[PDB]
Amino acid sequence: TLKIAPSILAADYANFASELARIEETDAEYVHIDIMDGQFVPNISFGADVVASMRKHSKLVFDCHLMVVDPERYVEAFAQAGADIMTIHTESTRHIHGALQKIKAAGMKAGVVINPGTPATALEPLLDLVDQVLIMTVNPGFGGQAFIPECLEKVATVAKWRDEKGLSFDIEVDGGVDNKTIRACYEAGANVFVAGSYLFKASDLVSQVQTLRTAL
Amino acid sequence: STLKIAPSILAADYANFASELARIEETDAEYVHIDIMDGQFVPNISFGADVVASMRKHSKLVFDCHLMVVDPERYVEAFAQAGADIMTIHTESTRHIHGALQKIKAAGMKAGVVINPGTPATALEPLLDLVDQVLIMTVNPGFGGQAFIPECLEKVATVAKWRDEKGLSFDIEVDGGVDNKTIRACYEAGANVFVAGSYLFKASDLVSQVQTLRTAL
Amino acid sequence: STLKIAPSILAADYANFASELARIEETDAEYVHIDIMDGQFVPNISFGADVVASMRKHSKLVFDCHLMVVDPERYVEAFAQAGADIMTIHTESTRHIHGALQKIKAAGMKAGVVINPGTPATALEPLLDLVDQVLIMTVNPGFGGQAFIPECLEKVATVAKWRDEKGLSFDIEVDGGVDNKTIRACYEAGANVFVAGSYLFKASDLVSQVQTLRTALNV
Amino acid sequence: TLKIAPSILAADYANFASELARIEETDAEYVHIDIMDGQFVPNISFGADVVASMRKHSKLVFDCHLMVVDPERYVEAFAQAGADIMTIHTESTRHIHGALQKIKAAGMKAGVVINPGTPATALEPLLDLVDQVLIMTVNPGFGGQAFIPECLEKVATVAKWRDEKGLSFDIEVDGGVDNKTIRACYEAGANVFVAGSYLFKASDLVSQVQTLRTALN
Amino acid sequence: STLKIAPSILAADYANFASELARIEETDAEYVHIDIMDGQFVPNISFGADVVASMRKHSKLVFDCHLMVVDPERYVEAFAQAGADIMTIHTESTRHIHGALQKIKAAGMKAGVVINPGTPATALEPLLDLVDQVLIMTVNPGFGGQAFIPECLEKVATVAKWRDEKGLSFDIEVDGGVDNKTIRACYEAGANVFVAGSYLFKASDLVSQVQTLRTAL
Amino acid sequence: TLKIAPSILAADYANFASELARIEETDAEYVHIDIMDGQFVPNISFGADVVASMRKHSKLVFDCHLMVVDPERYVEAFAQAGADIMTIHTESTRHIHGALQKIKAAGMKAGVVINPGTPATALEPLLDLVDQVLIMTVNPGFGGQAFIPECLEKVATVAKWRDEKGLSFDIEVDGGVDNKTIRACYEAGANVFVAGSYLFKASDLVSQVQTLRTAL
Ligand SMILES: O=P(O)(O)OC[C@@H](O)[C@H](O)[C@@H](O)CO
Ligand SMILES: O=P(O)(O)OC[C@@H](O)[C@H](O)[C@@H](O)CO
Ligand SMILES: O=P(O)(O)OC[C@@H](O)[C@H](O)[C@@H](O)CO
Ligand SMILES: O=P(O)(O)OC[C@@H](O)[C@H](O)[C@@H](O)CO
Ligand SMILES: O=P(O)(O)OC[C@@H](O)[C@H](O)[C@@H](O)CO
Ligand SMILES: O=P(O)(O)OC[C@@H](O)[C@H](O)[C@@H](O)CO
Ligand SMILES: [Zn+2]
Ligand SMILES: [Zn+2]
Ligand SMILES: [Zn+2]
Ligand SMILES: [Zn+2]
Ligand SMILES: [Zn+2]
Ligand SMILES: [Zn+2]
């Protein structure tokens, strides 16, 4: 099924609890949480203890995206913080396969993500292991960036592979997703759509999420 | 020479920074200590510049930002833009602590320098003339609730003495394990700014809990 | 293509390397697989070149050195002098895998290249013409006793296919979770060199234990 | 259009001005400038300020090749130094796509390069935004190295991809390119040829460059 | 006050750690000095915790582990389980030497701190209260058979003085270039624990070779 | 004896040959060469091969200052390039002592330098080993920066130690040294003065170096 995942990176950091409540008013089923350490990407967003704090105020799926170097050192912390899905970059560790096994052994769903410049082939050795494949549609680091349509080719490629192997993991897109681009993402083969800046620039979060469902 | 209390937001409810900041403004505290951690200088990641920027519009207190991150100089503009009033950086986090401090000052913020418990006081000697604040960690950086390290007070006395000899006037701050039973010693050692997280936020009545510190002094 | 067994000393009794090597020599194993770990490429530190140098006098077998260390090129000369016969390095451990392999050959050693489970077989393509051995990890590097990763055999087939297309003849090795129940599958996929640690050394009679692999190979 | 790009790394560093003049005497349209930081490769060559100083002594295309880690931090410096082309390594950053965008956004032509051991696949997601694809024919680091013919396989695969995508970026080769190897580079699909030692070992640069064009036939 | 001899297993026969440990137990040496090198803090890799663990059952002596590795804190648990009795770490190997020492003690082992030849004795002052041993390198870490560095004795003296003034009782160890001709000066400087590698293992009779040190003392 | 060391970092890079010629026309005895790798400091200047080509164009003392991480890997390279003195930062390696021994074993004069923020205590165990101690008077990176007076307190500390130990190494200063600041540097105890922007900003280099000789 098609899932909408509002990115909390675009919300009011001084009131996470009320922002989480606003999201739960919509029909979105996921909350996308961007962890940035200043190493993998230039800036620092927030870490596991912040996620743990958010956990107590939400019943949605915590879709954690780790834009940090050496993510395996945080598997235990995110499991304790209540992360439902942990998505890590093939570019952030020399042992992506083992890192993914670690996530699953910890009881969470395992997600793998690749940057716009990383070839889809970096995903092939991991298909039989992951629960989600995230294709970045903007270069990681911040919200409000321009959608990169070329990345949709990798979405198609992975969807084709999933079929050929008879696998069933979700395919997510993240970056520049809005009412004008989400349709292209769906057609390419994605079923999970992350949206930050677009959704949070509206006061009526419920209607904004609906503009995406309608665009679909 | 005035005594200031700096509640550490790291020990507060992260899901409600706004109300937590409002609680602090109810007390007589003049500073809000903000711990920035990047998973590199210390094991964990707390929050960054954009979170500070969000907090900024819900507080009129002094934003005493403490950067427990590697190569802090790259974040000077970000925190200036975020509304940080003081930027305190670790001598252990860069090979160019002097220039880094100059960058903070030129950016319009007050410059603070901090050293870990294992770092000798002499690491601060070459920086005395350019800082507005010297922070002596009294616990090993990383998290709250750790045991106070008395030996670190020797360094507070040492810096206070250097401040006098050179006739300087920067504030001397302590951070970690600061509570009603340890704050007096910090004061006697020569510190005038006291950061406190766990001891304060574990209490429901913050204004009252902050007063226990004032009284203890 | 000669089928070879390479007991991994990582699973042996570190307090008696000479003795353990003697036990290997009683078997029909042709290689001794030596895992060098530096605490950077993988979490643990095993042993270095000087330890390999000390083991050299107590064995007549092929020293198949596997470097799970960052920037392996800095150790080429050390291992050559320690007596390593094959030096196998990770594509993930250096930005210059091609040059690193050239350096191993220039030092008079056989050059091997290895890729982790999560690394695509294409990482191997530009290196086929220069190596003497291709190692496909069948467990994520780090330690023994791990579960075999079947999907990795897909990469063994792919490389064997490429080797055939280019008319090359390098050995194809597998390492990790190789035992009597998985070794045949490694063979059928295209491998001819099998590294085994925990499965072999958990047995007091190394000779019969190595034979069980030979039998499982059924070839 | 076939272009020759003399590599200044093989020239008299004590006289860049005169060496650049010697190049302008030939019919070479590019000046290949290798930037090395001692990290991506073992040696340090020269940086942006050197290129900036060279700028006014040449009217040719400054084809800058960055053999440094985290090249994005230098985009602005090279743009301001007068670089015409900025070619960066897929192996030098975890965000090659964004780095290329930064280059283009700064007004320079964007080039991407891969080492002999890096598969051509690393290039696929970047074909749309580059003005040049450089296939190293020697392991980066220094001149006089032996040509690696296997790398030409990647020159052909990219040429094919370019054709299949209706794209039109140049394809460059660099390393061990001489009068005996250039023809093969061309037949493989390359149209821009970097040459260091083969050209500068000669006293008559104009004649030496001509031997290369003659070799192309 | 108690003079102890610590043969360094780095100079022994690696292919026979068990028999080498037995040879040591034939002497009156009370410590086995175990050098852990990771190729990062120093150029070479020696052996790790698993090798130490394997050695544990073959010796009843004190395992005096010296970690020449970066970020040693990550190995405290491993060495504790390996049977290490003493864990000595370099101030130059972590930004949090104080907490690192605390972690060693919290794991049930004796905590030691060491400084390279080029590191000033003042780096030890903040740590005098929590250590059980202070190791002063008398050669630059990396390997054995190096030339003794007399100058380092000044730091042994400085620390023996501080121990006196503070009334502490930690051991003072020296390591590197210690033989029958240098051990005396080490002792005079204030050291009581002497690590010896090449000078001891170069002899067939380990029992009498250790005696030459006792007599030299 | 007092020495003047013009910094080639401030010269015209496209004509190193002619620039060195200008320096040789003055009575300056050293040519200060700043090696930057983009790691120790943010920029890259030039390496050992550049120095190598500079060697035959000068009979002066090549005083190479390495603002690079892990300088020991370059000892052999600079010894071959013709460096006469090799000065390294205590903040650039965990083994400053052995690094200095290496420089001497290589047949070069060993020099050690500390950043403005680095305490003089860092030099304490290195005095018996060096031929030169350099105290930065500006934060390393580039020329034209403001002189940092407080650093002279360190020039004085080392001078004092030198005497108490009866050693005879040179004491150099670098950064912000001009006709106005050089006098203080001398009174602080330094005897070797590096100057870049102040010297090269003038067409008559011979007289500019004399303005420093006079100010002394
Ligand atoms: O592109 P928009 O939807 O504004 O931003 C989305 C971001 O929040 C995204 O999740 C983040 O990983 C980008 O680095
Ligand atoms: O007051 P306690 O709970 O000891 O500590 C407070 C922390 O928030 C402290 O400011 C932080 O820098 C520790 O890394
Ligand atoms: O999987 P088993 O055969 O038990 O272990 C084998 C290991 O010793 C293997 O060689 C090593 O490279 C793993 O990092
Ligand atoms: O191989 P030759 O033409 O001599 O040298 C060419 C080099 O100067 C090349 O540009 C450089 O990027 C190699 O690292
Ligand atoms: O006693 P010598 O042979 O000088 O050295 C012995 C070594 O084993 C020493 O303990 C080691 O820490 C040096 O890095
Ligand atoms: O003399 P000024 O222009 O201040 O400085 C000259 C510089 O070239 C200096 O030598 C350099 O080490 C700064 O990093
Ligand atoms: Zn995301
Ligand atoms: Zn703090
Ligand atoms: Zn192996
Ligand atoms: Zn080039
Ligand atoms: Zn030791
Ligand atoms: Zn300099």
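Here are the numbers:
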{"quantity": "Test result for B:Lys103, farther than 22 Å from E:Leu101 by Cβ, of a type outside the set (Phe, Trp, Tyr), within 13 Å of another protein chain (Cβ to nearest Cβ) and in a helix (DSSP H, G or I)", "calculated": "yes"}
{"quantity": "Subset of segment B:80-93 [away from chain E (no Cβ under 14 Å) and within 20 Å of F:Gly117 (Cβ to Cβ)]", "calculated": "B:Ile86, B:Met87, B:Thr88"}
{"quantity": "Residue within segment A:121-141 that is within 16 Å of ligand 1 (Cβ to nearest atom), of a type in the set (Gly, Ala, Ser) and without any contact (Cβ under 8 Å) to a residue 40 or more places away in the chain present", "calculated": "no"}
{"quantity": "Test: residue in segment C:70-78 that is under 18 Å from E:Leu10 (Cβ atoms) and surrounded by fewer than 23 Cβ atoms within 10 Å (Cβ to Cβ)", "calculated": "yes"}
{"quantity": "Residue match in segment D:36-44 (condition: on the phi > 0 side of the Ramachandran plot and within 7 Å of another protein chain (Cβ to nearest Cβ))", "calculated": "yes"}
{"quantity": "The lone exception for E:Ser46 - which of (1) more than 8 Å from chain C (Cβ to nearest Cβ); (2) surrounded by 24 or more Cβ atoms within 10 Å (Cβ to Cβ) it fails", "calculated": "(1)"}
{"quantity": "Filter result for C:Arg95 (under 19 Å from D:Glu150 (Cβ atoms), away from ligand 1 (no atom under 16 Å from the Cβ) and more than 14 Å from chain D (Cβ to nearest Cβ))", "calculated": "no"}
{"quantity": "Filtered residue count, segment E:57-77, keeping only those that are surrounded by fewer than 19 Cβ atoms within 10 Å (Cβ to Cβ) and either closer than 20 Å to E:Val42 by Cβ or among the acidic types (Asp, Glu) (or both)", "calculated": "4"}
{"quantity": "Options C:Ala6, C:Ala49, C:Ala15: the member that is within 11 Å of chain E (Cβ to nearest Cβ), under 30 Å from A:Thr93 (Cβ atoms) and crowded, with 20+ Cβ neighbours inside 10 Å", "calculated": "C:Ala49"}
{"quantity": "Test: F:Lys104 is of a type outside the set (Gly, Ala, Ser), more than 16 Å from ligand 12 (Cβ to nearest atom), under 22 Å from E:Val139 (Cα atoms) and surrounded by fewer than 23 Cβ atoms within 10 Å (Cβ to Cβ)", "calculated": "yes"}
{"quantity": "Hits in segment A:161-175 - residues which are touching a residue at least 12 places away in the same chain (Cβ under 8 Å) and either over 18 Å from the mean Cα position of the chain (by Cα) or surrounded by fewer than 14 Cβ atoms within 10 Å (Cβ to Cβ) (or both)", "calculated": "A:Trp161, A:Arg162, A:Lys165, A:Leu167"}
{"quantity": "Any hit, segment A:143-150, residues being of a type outside the set (D, E, K, R), in contact with a strand residue (DSSP E or B) (Cβ under 8 Å, 6 or more places away or on another chain) and either more than 9 Å from chain D (Cβ to nearest Cβ) or free of Cβ contacts under 8 Å to residues at least 12 places away in the same chain (or both)", "calculated": "yes"}
{"quantity": "Selection from segment B:1-15 of residues that are away from chain A (no Cβ under 14 Å) and not β-branched (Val, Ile, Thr)", "calculated": "B:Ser1, B:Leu3, B:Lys4, B:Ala6, B:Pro7"}
{"quantity": "Wholly enclosed strands (runs of 3 or more DSSP E) of segment A:1-98 bearing at least 2 residues within 16 Å of ligand 12 (Cβ to nearest atom) and in contact with an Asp or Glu (Cβ under 6 Å, 6 or more places away or on another chain)", "calculated": "none"}
{"quantity": "Matching residues, segment E:164-202, being loosely packed, with under 13 Cβ neighbours inside 10 Å and either among the small types (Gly, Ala, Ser) or within 16 Å of E:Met137 (Cβ to Cβ) (or both)", "calculated": "E:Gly167, E:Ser169"}
{"quantity": "Which listed residue, of B:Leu67, B:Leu101, is out of contact with any helix residue (DSSP H, G or I) (no Cβ under 6 Å at 6 or more places or on another chain) and aliphatic (A, V, I, L, M)", "calculated": "B:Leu67"}
{"quantity": "Strands (runs of 3 or more DSSP E) contained entirely in segment C:112-219, each with at least 1 residues that are acidic (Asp, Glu)", "calculated": "C:171-175"}
{"quantity": "Selection within segment A:151-176 - of a type in the set (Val, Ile, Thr), within 14 Å of chain D (Cβ to nearest Cβ) and either within 16 Å of ligand 7 (Cβ to nearest atom) or within 22 Å of A:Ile35 (Cα to Cα) (or both)", "calculated": "A:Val155"}
{"quantity": "Flag if B:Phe41 is in a helix (DSSP H, G or I), within 17 Å of the chain's Cα centre (by Cα) and either surrounded by 22 or more Cβ atoms within 10 Å (Cβ to Cβ) or within 16 Å of ligand 12 (Cβ to nearest atom) (or both)", "calculated": "no"}
{"quantity": "Hits in segment E:60-75 (condition: more than 12 Å from every other protein chain (Cβ to nearest Cβ) and in contact with a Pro (Cβ under 6 Å, 6 or more places away or on another chain))", "calculated": "none"}
{"quantity": "Cβ-Cβ under 7 Å pairs, at least 6 apart or on other chains, segment F:58-87 side over 20 Å from F:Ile135 (Cβ atoms) and more than 16 Å from ligand 9 (Cβ to nearest atom), far side part of a helix (DSSP H, G or I) and hydroxyl-bearing (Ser, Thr, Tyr)", "calculated": "F:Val69/F:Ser92; F:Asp70/F:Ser92"}
{"quantity": "Residues of segment F:131-142 satisfying the condition of being crowded, with 23+ Cβ neighbours inside 10 Å and either of a type in the set (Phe, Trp, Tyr) or more than 10 Å from chain B (Cβ to nearest Cβ) (or both)", "calculated": "F:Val133, F:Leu134, F:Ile135, F:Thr137"}
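For every residue, the table says whether it meets (1) more than 8 Å from chain A (Cβ to nearest Cβ); (2) away from ligand 6 (no atom under 16 Å from the Cβ); (3) touching a residue at least 40 places away in the same chain (Cβ under 8 Å); (4) of a type outside the set (D, E, K, R).
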| position | (1), (2), (3), (4) |
| --- | --- |
| B:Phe17 | no, yes, yes, yes |
| B:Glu26 | yes, yes, yes, no |
| B:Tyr31 | yes, yes, yes, yes |
| B:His58 | no, yes, yes, yes |
| B:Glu77 | yes, yes, no, no |
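Cβ atoms come from the backbone with ideal geometry, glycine included; neighbour counts cover every protein chain shown. Every read-out reported here was derived from the displayed coordinates using simple, explicitly stated rules and does not represent laboratory data.
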